[PDB]
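Have a look at the structure below, then the notes.
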Amino acid sequence: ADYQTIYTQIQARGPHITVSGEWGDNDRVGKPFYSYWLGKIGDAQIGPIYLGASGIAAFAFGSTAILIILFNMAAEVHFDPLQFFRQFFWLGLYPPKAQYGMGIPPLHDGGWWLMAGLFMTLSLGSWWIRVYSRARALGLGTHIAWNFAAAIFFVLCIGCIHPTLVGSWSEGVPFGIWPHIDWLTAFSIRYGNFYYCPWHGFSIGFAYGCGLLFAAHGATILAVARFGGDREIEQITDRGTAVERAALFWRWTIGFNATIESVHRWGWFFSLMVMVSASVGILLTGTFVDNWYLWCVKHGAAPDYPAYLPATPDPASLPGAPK
Amino acid sequence: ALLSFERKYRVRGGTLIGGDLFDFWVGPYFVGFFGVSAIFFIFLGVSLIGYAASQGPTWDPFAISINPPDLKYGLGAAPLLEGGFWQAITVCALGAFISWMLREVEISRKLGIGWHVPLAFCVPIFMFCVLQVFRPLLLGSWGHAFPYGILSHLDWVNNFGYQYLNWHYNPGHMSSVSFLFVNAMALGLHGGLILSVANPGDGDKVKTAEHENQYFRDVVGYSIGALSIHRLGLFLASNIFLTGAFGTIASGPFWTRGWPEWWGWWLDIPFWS
Amino acid sequence: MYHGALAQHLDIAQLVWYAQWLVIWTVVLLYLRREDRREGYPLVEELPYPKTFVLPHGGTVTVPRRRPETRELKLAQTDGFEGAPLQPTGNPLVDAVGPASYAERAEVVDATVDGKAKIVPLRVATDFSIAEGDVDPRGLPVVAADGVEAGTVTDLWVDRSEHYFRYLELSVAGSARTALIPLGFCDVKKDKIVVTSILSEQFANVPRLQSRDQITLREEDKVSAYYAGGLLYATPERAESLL
Amino acid sequence: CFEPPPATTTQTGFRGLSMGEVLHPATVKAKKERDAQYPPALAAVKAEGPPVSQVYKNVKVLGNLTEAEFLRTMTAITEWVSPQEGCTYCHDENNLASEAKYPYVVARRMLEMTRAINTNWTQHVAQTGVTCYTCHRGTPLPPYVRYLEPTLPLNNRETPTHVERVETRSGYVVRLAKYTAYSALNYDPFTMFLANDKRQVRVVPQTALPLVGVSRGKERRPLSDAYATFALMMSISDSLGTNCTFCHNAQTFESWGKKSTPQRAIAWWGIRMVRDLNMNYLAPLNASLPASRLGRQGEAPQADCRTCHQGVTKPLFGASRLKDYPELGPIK
Ligand code: BCL
Ligand code: BCL
Ligand code: BCL
Ligand SMILES: C/C=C1/c2cc3[nH]c4c(c3C)C(=O)[C@H](C(=O)OC)c4c3nc(cc4[nH]c(cc(n2)[C@@H]1C)c(C(C)=O)c4C)[C@@H](C)[C@@H]3CCC(=O)OC/C=C(\C)CCC[C@H](C)CCC[C@H](C)CCCC(C)C
Ligand SMILES: CC(C)=CCC/C(C)=C/CC/C(C)=C/CC/C(C)=C/CC/C(C)=C/CC/C(C)=C/CC/C(C)=C/CC1=C(C)C(=O)c2ccccc2C1=O
Ligand code: HEC
Ligand code: HEC
Ligand code: HEC
Ligand SMILES: CC(C)=CCC/C(C)=C/C=C\C(C)=C\C=C\C(C)=C\C=C/C=C(C)/C=C/C=C(\C)CC/C=C(\C)CCCC(C)C
Ligand SMILES: [Fe+2]
């Protein structure tokens, strides 16, 4: 057994490395310290961290949104510290309950929601500059930045794009643990069972697919950690027996294989497609489809089952039935 | 037929059972005793789905469904067309799953690598058993399992979740969902990082393992490490079903109400009620 | 009237469904499956045009590699069948076949980002050390699979780029040499390093380094592959069936 | 935190849809015992004699009965409504024709309401029916009533805590939560859906594509309606002690026929009945009840599903007194 795959038996210590970026070396802040127990399953050095304008703007915009959310939650329990700590999972900030269309809703009925979402949008955009500029500063490709952008795009879809396309701020996601959970069921009921949205199934396949891939890939590199398989950058430019045995494991199992580089393109593509599929589904929702189940019924795809208990006519359809 | 670096690895040995009898290749596929048994259960399983589907009202792939028995049949035998076909296909499915896993152990031993992949493959096989065997046994009938159909089994997942009012509040569900999100997030981070180092754009130099840890120490203040992200990613992915297995097996055998009300252990503590 | 309705019984959500399948299969079959073919191709016994990397410390590489030399395999086919297994004609650990195989990596030293040798023993990396609380293996016996003491640990080789020990160096008993062993093949106890991959006598034929205080990418491959070949070849029983 | 096995499970849909009830035996046992307290029918009495419209002085509903038949109902009503206070809960002891006590004038309207349910709402109560006990359970204040705002506890025979009191504003969310099966839905489905007939419980379209003229801007209903419907469906599910697969195939909540159970249609008549009882019988009673019975908006106590069901899909597990008291309905 390779005990190194479970934990680091002998941890090494040394002088902390600093790779210079094109800018912002002076904006790295913090004295690094070393956790023994964190070092058993990862690197022991915590910190330092880079600040920068975009990272600072992210904290300011984001703390503004969070402060707006928590204050409104504290008012829902009338500023009782006990109940707030008690009912915290149930408190929330909601979008407008009445139908004002696209008009900016009142503060007591969705105005605070729209304003926290604005600051959250500014916080996400600031953080993407950081994720993108840090890669350019270190001479790296923007592979993470563009995966991040697809997640930000999906948040914009359920946040403001779909509400604008249908023309109502009432369709947006509330802030809160249970309240944002409750939105999921109301958004599926309203639009005819999301199980019958094909992009729903696409986003589910890719989300499951990221679980399959990281389980197979993570385990594969652990199985070839005896040959330095984790040193993947140099395994790409100079193939070793670690990724030769890894490719042949999968070639001898499923009849084909990838490379140590391309398996990352699969994983980066599957994660990306979770958001791309989910975004297209929200954009089509409500705008061109009103009931995904009947949409599948229209195209003949819906499954049907025999009656177990006897069929039940709609009583509203009966003669003389009340309204 | 062979990869340019394949021939030196094509030796005998590493088998669990069979010896040299099944130790050979068919094209790129390795066989072994468990490759034979895998094809046995797959052929038997695909046959049973074919004969049962012909008895049904449709050949539409989205409309075909092979369902378990009524609740009243319990854990006993069921008529072939009233749940029996489902019973046999389930047995074939498990055989093909376990054979596929043990086949992977043999390929691991011949390559001289660890058994991390077949061990990880036991996680989805275990969760499949929780849905089709373990939870039905606790509930008393096989009819509590899901049907074999492209669009029909979604309706099982749907009605099941609503049987408990709001399945989102299931605490084992929240944990299984949290791992599903973080794993798909981490795979996009990690896959993007390796590609960002090897493809810096234009005609720039390929960066280093020092550049890897420097990026994530800059962004979030910590970098877990090259090998450690592979132990982490396998931990995150495995715990989708490991933690989810709790919430599924508790729904019914250990809890018959709606899952929001389960949270009264906290909300109904007398000193803040 | 309906939003999204088109000619015939067609609608916009219907059209995007075809477009989504076309894009997915286009990326999968025409790009991802061709990036999968940058190593190991063409087959022996659809391909993308070459990819060229600019290396961090001078020079370039273009994949897949075409080596000016190729090795002669000490393997005998077991039968004439196209998919029959091969069989070693000598000692598979020193001939490097099967699980003992290594790749023809560059005979260059793997480098840190600032140009120094990446994998070096602690006698060279004097600014490195073992973390407080972990066992210092230097001075502990190495016990092989047969239970015999194969030698004694003399140093640890650290990765100066990742701060991660990757090998132990031990004096081979009765052989006047030192061999390296990957820490994955070591079970580190408080008083002994347990190694079950090979027997004690098989430590004598561990591939040797050209230099004492550095190692190349191919030497690292050769050393790792020798212990892994022992998982299948250390004893005659390991090549046979488990049951 | 958890309930031991085994569990009682029924099947309400085709095999392999996972439709049906999921019950805990210990809960069902406690409700069966509680509902077994239904006083048995009184013994039959003499059918011949004058009608009390002749015999008595101020009989306005039960006038066709004989004296023996009429005093029988007067005893069952007392058993069902005010058994501890006896006859004098509604009667001046020295003149039984006097309307000097407020429960007298309310009881007559209740005698009319009870006949109305058994005669005009058989699409729901069928041949089981309701008597005074179905709601009162032996007390003049029924245990499970609603006001125009959420109240805790649900059983008004239980002492409320401080935060549970409707005056304590910091506990509103919990008062909303427990009436929607502990969910965080921010809507009171009783005033919205069961106090009157103003709102539409259905929110799902019956078209595959968005219909032009009701799909954009202020033409649209807000998505808040979907939450509120979901809130009524959690309150309905809890008050009957059931889940939705008792009524819907969750494949398509909006579809009837094979997608709905016969109980869903009975539930539809149950909503039209609650509104008729609240609008035409129970709410106007605030002019007859004392101020100590009214809510903070001057409202009289009103009825939802739980008033009769009290956690069971059928009130009293189907126990009936219809054949024993024909004077309660149906009325020819
Ligand atoms: C408790 C949770 C539910 C569940 C809930 C859902 C939901 C919800 C969704 C799916 C979706 C899918 N599920 Mg399901 N699913 C469960 C368990 C299963 C089992 C099983 C052995 O138990 C199987 C075979 C599947 C298979 C599938 C696919 C039809 C589809 C895409 C998955 C995917 O990409 O995975 C990752 C794997 C890959 C990316 C690799 C490729 C896998 C290929 C596509 C598998 C084809 C299987 C096909 C049915 C043929 C089977 C064998 C035949 C005999 C030849 N699920 C359990 C029972 N599943 C989605 C969908 O679109 O369904 C129509 C969807 O919306
Ligand atoms: C009853 C409830 C419904 C339901 C309702 C919905 C709805 C509604 C939606 C989904 C969506 C999704 N659902 Mg569904 N879903 C149900 C059943 C399922 C089942 C199942 C087995 O039954 C599965 C596998 C899934 C899974 C999935 C996901 C694959 C998919 C995409 C969302 C996602 O990953 O978000 C995880 C990722 C994110 C939320 C992105 C976050 C990115 C940002 C950058 C993070 C910012 C962090 C920062 C710190 C925040 C600061 C905040 C401060 C305030 C400033 N659902 C049922 C049928 N589901 C979506 C979809 O695809 O629709 C087509 C969608 O809109
Ligand atoms: C109204 C319906 C409910 C709901 C009902 C349920 C139910 C019911 C269950 C889940 C479960 C799950 N839900 Mg859901 N869920 C809902 C909402 C969501 C949302 C969301 C955004 O709201 C998300 C992210 C999810 C996500 C998840 C998953 C993380 C989780 C585990 C899936 C699983 O077991 O797959 C199982 C997958 C397998 C068994 C696959 C096994 C594969 C085998 C080993 C190999 C197959 C090979 C194949 C046949 C080969 C074909 C050959 C070809 C060549 C490829 N749900 C809604 C609210 N959900 C489960 C769970 O764990 O809950 C705690 C569960 O039981
Ligand atoms: C938490 C960890 C997870 C994870 C991980 C890993 N996943 C692995 C491995 C690891 C580590 C492998 O090493 C192995 C492999 O080599 O991969 C390439 C494998 C594989 N993951 C597959 C599918 C997969 N994984 C899912 C789930 C997760 N995986 C989660 C996320 C899902 C979901 C979510 O639906 C799917 C569909 C196959 C492609 C493959 C097995 C092939 C097989 O065993 O062949 C043998 C069997 C057959 C070829 C078919 C047998 C047909 C039967 C007899 C008759 C049909 C029965 C069937 C029930 C009918 C269904 C109807 C349908 C509508 C309901
Ligand atoms: C003909 C006959 C009967 C023969 C008998 C012998 C026998 C047993 C034959 C088997 C026949 C069967 C059943 C074949 C079916 C095999 C299956 C299940 C194929 C499914 C393929 C699918 C959908 C896989 C999903 C995962 C996926 C999208 C993978 C694409 C990317 C790949 C290839 C990842 C695998 C992969 C990973 C995970 C690495 O980490 C890695 C590291 C370094 C180098 C290479 C790799 C690598 O290739
Ligand atoms: C909860 C209500 C209630 C209870 C309990 C009750 N009464 Fe009645 N009583 C009424 C009402 C209402 C009427 C008028 C009925 C009508 O108009 O037909 C009435 C009418 C009568 C009358 C008719 C007298 C007349 O001339 O109008 C008599 C006699 C009578 N009750 C006797 C009894 C007896 C005997 C008991 C108990 C053993 C009793 N009451 C308890 C409410 C009640
Ligand atoms: C005992 C009866 C009953 C129970 C329990 C029940 N439902 Fe309902 N539900 C109905 C009826 C009846 C209607 C139709 C209302 C109407 O016609 O005004 C309905 C309507 C709905 C609708 C909207 C239908 C449309 O066309 O918009 C949804 C969604 C719904 N129910 C979901 C649920 C959910 C979710 C649950 C539980 C978690 C549940 N139901 C439990 C009887 C029930
Ligand atoms: C005032 C009386 C009353 C009220 C209020 C009431 N119920 Fe009923 N309900 C009954 C009675 C009595 C039965 C018994 C009918 C039977 O035996 O079939 C019944 C039966 C049912 C059934 C049939 C269950 C089965 O197993 O067949 C359903 C479903 C139901 N009620 C739902 C509701 C709904 C929905 C509401 C309110 C929205 C409600 N109940 C409120 C009196 C009531
Ligand atoms: C203490 C520490 C370390 C952290 C504290 C975190 C904390 C306790 C937060 C407090 C409460 C919690 C947990 C809240 C959770 C909220 C959740 C889960 C929210 C989830 C989803 C919400 C979403 C997606 C909202 C999206 C909203 C938008 C995208 C709005 C977009 C708005 C615009 C574009 C404005 C343009 C229009 C203009 C004319 C006004
Ligand atoms: Fe990797």
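Every residue number used here counts from 1 along the chain in the order it is shown.
The deposited model was determined using X-ray crystallography, 3.5 Å.
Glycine residues also receive a Cβ, built from the backbone N, Cα and C atoms like all the rest.
Taken from Swiss-Prot, the feature heme 1 binding site covers D:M74, D:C87, D:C90, D:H91. Residues annotated as heme 2 binding site in Swiss-Prot, with experimental evidence given as evidence: D:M110, D:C132, D:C135, D:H136. Annotated heme 4 binding site per Swiss-Prot: D:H124, D:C305, D:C308, D:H309, in sequence order. Taken from Swiss-Prot, the feature heme 3 binding site covers D:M233, D:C244, D:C247, D:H248, and the record attributes it to experimental evidence. Positions annotated as S-diacylglycerol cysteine by Swiss-Prot, on the basis of experimental evidence: D:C1. Summarising the annotation, Swiss-Prot assigns site 'Not N-palmitoylated' to D:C1 and lists experimental evidence as the type of evidence.
Taking a Cβ cut-off of under 6 Å from any atom of ligand 6, the binding-site residues D:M74, D:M233, D:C305, D:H309 reduce to D:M74.
Rounded to a whole value, the Cα-Cα separation of D:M110 (heme 2 binding site) and D:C308 (heme 4 binding site) is 15 Å. Listed in chain order, the extra residues whose Cβ falls within 8 Å of the Cβ center of the heme 2 site residues D:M110, D:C132, D:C135, D:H136 are D:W80, D:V81, D:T114, D:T131, D:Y133, D:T134, D:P142. A distance below 8 A between C-beta atoms marks D:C244 as the binding-site residues from D:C87, D:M110, D:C244 lying next to chain B. The Cβ neighbour count for D:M233 (heme 3 binding site), using a 10 Å radius and every protein chain shown, is 23.
It is D:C244, among the binding-site residues D:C244, D:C247, whose Cβ has the fewest other Cβ atoms within 10 Å in the structure shown.
The two recorded residues, D:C132 (heme 2 binding site) and D:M233 (heme 3 binding site), have Cα atoms 27 Å apart. Among the binding-site residues D:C90, D:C135, D:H136, D:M233, D:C244, D:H248, not one has its Cβ under 6 Å from an atom of ligand 8.
Cβ neighbour count for D:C87 (heme 1 binding site): 13 (other Cβ atoms within 10 Å of its Cβ, all protein chains included).
In sequence order, the recorded positions near D:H136 (heme 2 binding site) (Cα within 10 Å of its Cα) amount to none of D:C1, D:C87, D:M233, D:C244.
For the recorded site, D:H248 (heme 3 binding site), the DSSP three-state label reads strand. Reduced to three states, the DSSP call for D:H136 (heme 2 binding site) is helix. For D:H91 (heme 1 binding site), the nearest neighbour among the recorded positions D:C1, D:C244, D:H248, D:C308, D:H309, judged by Cα separation, is D:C308. Between the C-alpha atoms of D:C244 (heme 3 binding site) and D:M74 (heme 1 binding site), the distance comes to 41 Å.
Ranking the recorded positions D:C1, D:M74, D:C132, D:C305, D:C308 by how many other Cβ atoms lie within 10 angstroms of each Cβ puts D:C1 at the bottom. Proximity of the binding-site residues (D:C90, D:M110, D:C132, D:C305) to ligand 7: a Cβ under 6 Å from the molecule is found for none of them.
Comparing D:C135 (heme 2 binding site) with D:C247 (heme 3 binding site), their Cα atoms are 24 Å apart once rounded. For D:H309 (heme 4 binding site), the spatially nearest entry among the recorded positions D:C1, D:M74, D:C247 is D:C247, judged by CA separation. Within the set of binding-site residues D:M74, D:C87, D:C90, D:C305, D:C308, the entry lying nearest in space to D:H248 (heme 3 binding site) is D:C305 (CA atoms). Those residues noted as binding heme 3 (D:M233, D:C244, D:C247, D:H248) have their most widely separated CA atoms at a distance of 11 Å.
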